[PDB]
Amino acid sequence: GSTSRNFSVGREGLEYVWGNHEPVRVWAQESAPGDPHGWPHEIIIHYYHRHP
Amino acid sequence: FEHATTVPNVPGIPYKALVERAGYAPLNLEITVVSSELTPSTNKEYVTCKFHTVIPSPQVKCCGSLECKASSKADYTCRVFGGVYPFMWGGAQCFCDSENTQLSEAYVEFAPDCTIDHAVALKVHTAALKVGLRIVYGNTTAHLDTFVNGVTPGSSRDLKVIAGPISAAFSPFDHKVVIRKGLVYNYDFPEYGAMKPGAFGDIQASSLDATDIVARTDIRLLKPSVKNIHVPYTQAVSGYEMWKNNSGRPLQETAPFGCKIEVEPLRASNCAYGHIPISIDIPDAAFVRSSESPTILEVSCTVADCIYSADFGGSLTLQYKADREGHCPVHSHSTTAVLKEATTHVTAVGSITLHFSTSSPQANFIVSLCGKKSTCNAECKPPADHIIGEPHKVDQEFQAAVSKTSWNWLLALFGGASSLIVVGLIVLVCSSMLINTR
Amino acid sequence: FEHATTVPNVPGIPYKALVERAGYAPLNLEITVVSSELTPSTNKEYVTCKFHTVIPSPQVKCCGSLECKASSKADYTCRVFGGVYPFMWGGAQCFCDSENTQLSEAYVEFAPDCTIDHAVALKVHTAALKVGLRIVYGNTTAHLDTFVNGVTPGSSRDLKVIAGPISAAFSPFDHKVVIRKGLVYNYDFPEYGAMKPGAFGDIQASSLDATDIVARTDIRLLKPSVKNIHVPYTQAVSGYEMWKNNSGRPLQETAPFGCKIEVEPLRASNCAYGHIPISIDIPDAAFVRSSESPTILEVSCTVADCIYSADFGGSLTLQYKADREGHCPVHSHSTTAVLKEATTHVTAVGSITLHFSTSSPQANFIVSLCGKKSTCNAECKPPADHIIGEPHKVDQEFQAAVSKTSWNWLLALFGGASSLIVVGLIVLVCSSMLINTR
Ligand SMILES: *[C@@H]1O[C@H](CO)[C@@H](O)[C@H](O)[C@H]1NC(C)=O
Ligand SMILES: *[C@@H]1O[C@H](CO)[C@@H](O)[C@H](O)[C@H]1NC(C)=O
Numbered sequence: 313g314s315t316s317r318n319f320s321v322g323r324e325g326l327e328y329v330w331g332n333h334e335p336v337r338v339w340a341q342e343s344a345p346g347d348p349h350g351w352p353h354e355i356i357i358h359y360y361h362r363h364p
Numbered sequence: 001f002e003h004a005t006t007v008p009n010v011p012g013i014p015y016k017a018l019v020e021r022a023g024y025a026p027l028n029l030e031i032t033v034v035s036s037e038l039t040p041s042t043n044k045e046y047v048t049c050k051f052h053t054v055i056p057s058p059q060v061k062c063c064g065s066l067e068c069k070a071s072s073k074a075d076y077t078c079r080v081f082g083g084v085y086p087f088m089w090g091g092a093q094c095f096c097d098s099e100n101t102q103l104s105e106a107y108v109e110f111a112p113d114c115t116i117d118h119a120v121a122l123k124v125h126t127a128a129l130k131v132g133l134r135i136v137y138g139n140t141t142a143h144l145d146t147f148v149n150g151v152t153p154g155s156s157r158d159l160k161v162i163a164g165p166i167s168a169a170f171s172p173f174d175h176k177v178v179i180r181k182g183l184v185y186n187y188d189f190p191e192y193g194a195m196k197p198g199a200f201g202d203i204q205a206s207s208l209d210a211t212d213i214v215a216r217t218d219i220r221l222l223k224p225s226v227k228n229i230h231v232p233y234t235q236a237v238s239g240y241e242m243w244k245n246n247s248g249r250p251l252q253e254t255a256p257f258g259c260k261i262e263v264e265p266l267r268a269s270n271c272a273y274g275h276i277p278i279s280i281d282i283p284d285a286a287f288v289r290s291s292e293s294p295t296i297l298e299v300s301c302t303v304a305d306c307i308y309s310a311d312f313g314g315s316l317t318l319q320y321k322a323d324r325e326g327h328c329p330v331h332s333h334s335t336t337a338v339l340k341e342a343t344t345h346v347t348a349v350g351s352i353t354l355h356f357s358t359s360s361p362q363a364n365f366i367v368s369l370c371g372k373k374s375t376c377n378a379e380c381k382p383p384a385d386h387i388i389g390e391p392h393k394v395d396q397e398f399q400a401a402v403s404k405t406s407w408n409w410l411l412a413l414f415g416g417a418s419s420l421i422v423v424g425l426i427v428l429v430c431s432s433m434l435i436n437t438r
Numbered sequence: 001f002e003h004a005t006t007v008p009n010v011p012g013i014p015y016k017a018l019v020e021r022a023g024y025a026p027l028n029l030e031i032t033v034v035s036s037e038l039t040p041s042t043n044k045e046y047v048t049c050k051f052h053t054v055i056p057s058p059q060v061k062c063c064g065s066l067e068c069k070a071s072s073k074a075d076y077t078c079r080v081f082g083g084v085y086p087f088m089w090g091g092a093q094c095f096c097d098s099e100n101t102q103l104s105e106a107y108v109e110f111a112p113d114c115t116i117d118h119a120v121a122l123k124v125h126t127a128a129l130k131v132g133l134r135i136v137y138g139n140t141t142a143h144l145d146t147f148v149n150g151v152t153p154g155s156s157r158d159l160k161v162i163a164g165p166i167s168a169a170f171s172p173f174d175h176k177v178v179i180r181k182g183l184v185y186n187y188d189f190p191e192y193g194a195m196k197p198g199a200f201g202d203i204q205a206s207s208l209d210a211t212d213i214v215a216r217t218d219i220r221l222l223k224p225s226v227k228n229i230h231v232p233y234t235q236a237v238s239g240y241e242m243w244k245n246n247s248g249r250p251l252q253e254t255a256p257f258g259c260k261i262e263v264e265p266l267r268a269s270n271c272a273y274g275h276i277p278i279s280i281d282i283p284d285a286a287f288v289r290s291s292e293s294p295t296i297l298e299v300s301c302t303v304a305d306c307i308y309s310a311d312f313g314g315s316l317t318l319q320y321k322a323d324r325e326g327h328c329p330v331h332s333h334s335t336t337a338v339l340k341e342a343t344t345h346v347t348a349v350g351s352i353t354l355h356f357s358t359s360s361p362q363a364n365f366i367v368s369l370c371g372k373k374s375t376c377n378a379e380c381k382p383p384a385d386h387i388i389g390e391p392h393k394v395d396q397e398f399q400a401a402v403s404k405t406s407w408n409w410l411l412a413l414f415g416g417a418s419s420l421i422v423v424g425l426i427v428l429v430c431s432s433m434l435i436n437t438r
C-alpha cells in the first residue's frame, strides 16, 4: 500500500534498495540539539543525544 | 628512500601526506584505494538440481520366474512380483496363468534443463585481498594494482609499492556456501555421499555431464492393483525445490561492511575494514634541492569559521611573506584535520585561502607550508542537517571530541575535590604534629 | 541391530568380535581395513620450470634517435644506447660517424621441454579420510567402501555400516607443497606475484600454455664495444635448476606412519594411526536360534605352551561336552589375547585345540565357546629370535606387562613397610594415652 517505515542510520552508513533501483548510501553526522560552548545546563544535552 | 604510511581502507577518500628529506624541498603524496577485491580459495564438491524419475519399460516374462542383478546407477531399485496377468489394448497380453512374474525398475538422473539452474556447492578457505591504488605525487599520477600480502611488490613506472599485511583477517564467506544462477546463498549442505531424502544435497555429482550420479530419494514401490499394466511408484518430494522455497535471503543483502558480491570468481569486492600499512619508494628524480625552492620567511594562521562534519566545512587562511614565486606543499600535521588543496603557487607577499574538514569542536591543529609551522586555534559549531550523503574523512577518536569549556568546567571540579582533601590531610598532620610537642 | 565397535586403524590384521542377543545364538564378527586413502582438498597456484631467454634482433636507427615504450611480456627489459657503428659481414651498416643509436630489448618465456619437465605448486589443507573394509560374519563375506566422517553410510546388499570420526587427525603434508613427475616434495614457495631472482618461483603462470607469464630474473643489459653487431647481456642463475640441485629427499621416504603416497589425485594412501569406531547394522535374517545351537557344559582349558611374540605361537586346548553337533563360535574376552580360529566343529564329548597370541608374560584370559565363559590361566616366556616380518597384534596395557611374581614381591615389600609404620603409629598413640593417666 502507501506506507512509511522508520529506520536507524549509524555513523558508518546505511544502504537500502527499493526494488530494481540502485542502492543509495546514507551517512549520519553528529547533530545533537544544543551547543558544546558554554552555560553548563546545556553541555550535558549535546553530549547526551550522542552516547547516553 | 622509502616512506612508510598506513593508509586507511575506505575506497575513494584519499589520505594526504608529505615527505621530507634534508637539503631537498618537501614533496606531497596522495594515496587512495579506488577498488578492492576479496577473492577466496574455492573447492568444488558437487552439483545438484531437480531430478527426473525415469522408469524403464516393465520386463514381463510369460510363464516363468525372475530375480534381479546389480547395477551402479543412481537409486537402483528392484522388486519382482508374483502372479501378475497384464493387459494391453489387446486383452490378455500374456497366456500362462497364476505364476507370471514381472520386473519393475526405477532410477533417477538430472532434468534436461539442469544446465541453467543447477546449484553448485563449494567450500571456502582463507581469502586474500587485492587493492587498486592511486598515487599522485608532484604532478605525476601513477595507476597500479597490488596484492596486500607483505612480500608482493606492485611495480608501476619506477615506483615500487610494498603493501604490508592487513590487521583484521576475516571474510563474509563462512566455510560452506552454495551458488545458483549468480545468487550466493549461505548454507550448511550435507558432505559428499551423505544424502537426505527431502533436503538439499539430495542428488550429487561432480559434474553435470557425468555418469557417477548418486541418490537416495526413498522410492518405495507398490503392487499393481488395476488389471492394466503400469508401474505404481511413490517417491518423496524433491529436496532442491523445497529448499528453494525456504532458501532465505542471499548474501547480497546480509553481508556486513558493505561488500558487493561478484559471483563468477566468487569475490566480495569493494568493502572497507581495517588499515592497509603500505610504503612508497619515491624516486630520486622528483626532488629539487632546498636552495631552489622559494622559502617562506614567516607565516601566521587564522581560521574563519567551522562546521565539523563529513564535508569540507571549515575555511582557513595563512598570511605569509616569502622569497620568490614558486610552489609550496601544504599539509596539516594532525589526525583529526585534513585539507582539500595540496599545493599552492606562492608570491613574495600575499594571502591564501584553504579548506579543511574536521570532527572535533576545537580546531587546535598545526598547518605547515614549505618549511614552517603555525598553530591554528578556534572553536567549532555542530552541523545543521542530520544526514549527508558522503562519508566522513577523519575519525572520532574520543580524546579531542569533548569540548574545551567542558573540560574547563569539569576538571576544575575534580581538581577541587582533590585539593580540599589534600589540604585537609596536610593541615591534619600539621595540627597533630604541632600539638604533639607533649 | 546396532553393534558399536572401535577397531584399530592398521591395515591387514583383523579384529575378532562376538555379537550377542537374548534368545539367539552368538556369532562371530571380524573387521579388517583392507585399504585406506587419505585425500586432501587442494588448490592449484602456479606452474613453473626453467625459462628461456629470447632476444629479438637489435633495432638500429641510422643518424637519429630512439626510445623504448612499456611492454607486458615476461620480464621485459630495454635501454637505448648511442654512438654505435655496427658491422655486418659487409661492413658500414650506417652512414654517419657515431651520431646514431641502437636498441636492445630482451624477455623470457617457457622452454619447449617444460610440458614434461614442469613443477606444479599446490596448497593443501583439511585432508579427509576414506576406508575400504572387509566384513565377514557367519561364513558370509562382504566388501564395503565408506567415508570416515560420522554421517556417510556404506551400503552393500542389505548391510549398512556407518564409520565414526577419526580419533586423532593429521595429514603428513604441510600447508604449501610442490610436485614434479610424481615426487611430492614439501616446500614453502613464494606465492603468485612475489618473485625473487634466483630461487624457486621466478616464473609464474596459470597454466603452461597461458599468456599471463610474470617473471623477474635480474636481466640487465650491457654496452657493446666490439665493431661487429650483437647484443650482450647478463642474467641470474635459473632458480628452478638451483632448486633441482639440492631439493632434498622427497616425501615418499620422509612421511611418518609408513604410507605409499600416490600423486595423480594426491593420495596419502594406506597408513596406520589411531582407532576408528564403526557400528554395523546386521540384518536379522543371518542369525540362528538358541534352541538350535549346540549348548555345552563342562568347559575347562589346558595350556600346552605359551610364548609372547607377534605370531600365533601360544597353543591352547579345551575340554567340553555337548548334546548335538554343528558349529560354535570361539572368542577370547581379553585385550591381551586373540585367537586365530573364529569357528570350530563341536562333537558330543570330544576335545579340540586352538592357537593364540599375547603381549603379556602372564596369560590370564577368558576364552569362550558357543556362549560359555571359562577362565584359564597360563604362564609364558620371552621369544627366541627377536626380529620378525609381520606386525604386532596387541598393545602393552601397562598392567598385564608385569608378571604376578613382580607384583607380589613389590606389593609384599610395600605392605611390609606400610604395616610397619602403621603398627608403630598405633602403638605410639595408644600407649601414650594409656600411660599418661594419673
Ligand atoms: C609540475 O611539477 C613541477 C615540479 O615541481 C613544477 O615545476 C611545475 O610547475 C608543475 N606544473 C604546474 C603546471 O604547476
Ligand atoms: C556356514 O555356517 C553355517 C551356520 O553358521 C553352517 O551350517 C554351514 O555348515 C557353514 N558352511 C560350511 C561350508 O560349513
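Listed in order, the protein sequences are those of chains K, J and D. Here the authors' numbering is used: the first residue of the first sequence is 313, the next is one more, and so on. Here the authors' numbering is used: the first residue of the second sequence is 1, the next is one more, and so on. Here the authors' numbering is used: the first residue of the third sequence is 1, the next is one more, and so on. C-beta atoms are modelled at their ideal positions from N, C-alpha and C, and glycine is treated no differently.
Do residue j and residue i have their beta-carbon atoms positioned less than 8 Å apart in this structure?
| i | j | result |
| --- | --- | --- |
| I388 (chain D) | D305 (chain D) | no |
| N9 (chain D) | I366 (chain D) | no |
| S104 (chain D) | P58 (chain D) | yes |
| residue 452 (chain J) | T146 (chain J) | The requested residue 452 (chain J) does not occur in the structure, where chain J is confined to residues 1 to 438. |
| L266 (chain D) | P172 (chain D) | no |
| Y233 (chain J) | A106 (chain J) | yes |
| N186 (chain D) | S41 (chain J) | no |
| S357 (chain D) | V394 (chain D) | yes |
Please return the same chain residues whose Cβ sits closer than 7 Å to the Cβ of residue i, not counting the five positions on each side in sequence.
| i | result |
| --- | --- |
| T140 (chain J) | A286 |
| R216 (chain D) | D75, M195, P197, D202 |
| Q396 (chain J) | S359 |
| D347 (chain K) | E354, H358 |
| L208 (chain J) | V47, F110, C114, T115, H118 |
| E2 (chain D) | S279, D281 |
| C49 (chain D) | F110, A111, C114, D117, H118, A119, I203, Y240 |
| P26 (chain D) | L18, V19, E20, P329, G371 |
What do you get for residue i, buried or exposed, if any count of 16 or more other CB atoms within 10 angstroms of its CB means buried?
| i | result |
| --- | --- |
| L420 (chain J) | exposed |
| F170 (chain D) | exposed |
| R180 (chain D) | buried |
| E45 (chain J) | buried |
| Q102 (chain D) | buried |
| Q399 (chain J) | exposed |
| residue 451 (chain D) | Only positions 1 to 438 of chain D appear in the structure, and residue 451 (chain D) is not among them; the question remains open. |
| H52 (chain J) | exposed |
Enumerate in chain order the residues of its own chain whose CB-to-CB distance from residue i is below 6 Å, with the five nearest sequence positions on each side excluded.
| i | result |
| --- | --- |
| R323 (chain K) | none |
| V214 (chain D) | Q204 |
| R79 (chain D) | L221 |
| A363 (chain D) | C306, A378, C380 |
| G83 (chain D) | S98 |
| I55 (chain J) | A106, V231 |
For residue i, which residues in the same chain have their Cβ closer than 8 Å to its Cβ, ignoring the five residues on either side in sequence?
| i | result |
| --- | --- |
| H333 (chain J) | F365, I366, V367, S368, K373 |
| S269 (chain D) | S35, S36, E37, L38, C259, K260, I261, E262 |
| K244 (chain J) | none |
| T254 (chain D) | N186 |
Whether or not the stretch 311–328 of chain D and the stretch 341–357 of chain D are in contact is what I'm after, with contact meaning three or more pairs of Cβ atoms, one per stretch, closer than 8 Å; do they touch?
Three or more beta-carbon pairs separated by less than 8 Å link the stretch 341–357 of chain D to the stretch 311–328 of chain D, which places the two stretches in contact.
Taking contact to mean 3 or more Cβ pairs, one atom from each stretch, closer than 8 Å, check whether the stretch 84–101 of chain J and the stretch 59–68 of chain J are in contact.
Contact between the stretch 84–101 of chain J and the stretch 59–68 of chain J is present, because at least three Cβ pairs lie under 8 Å.
Is it the case that the stretch 108–123 of chain D contacts the stretch 143–157 of chain D, given that we only count it when at least three CB pairs across the two stretches are under 8 Å?
The stretch 143–157 of chain D, when compared against the stretch 108–123 of chain D, does not touch it at the 8 Å Cβ threshold.
Chain-ordered list of residues that sit, by beta carbon, closer than 5 Å to a heavy atom of ligand 2
Those satisfying the condition are, in chain order, D:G138, D:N139.
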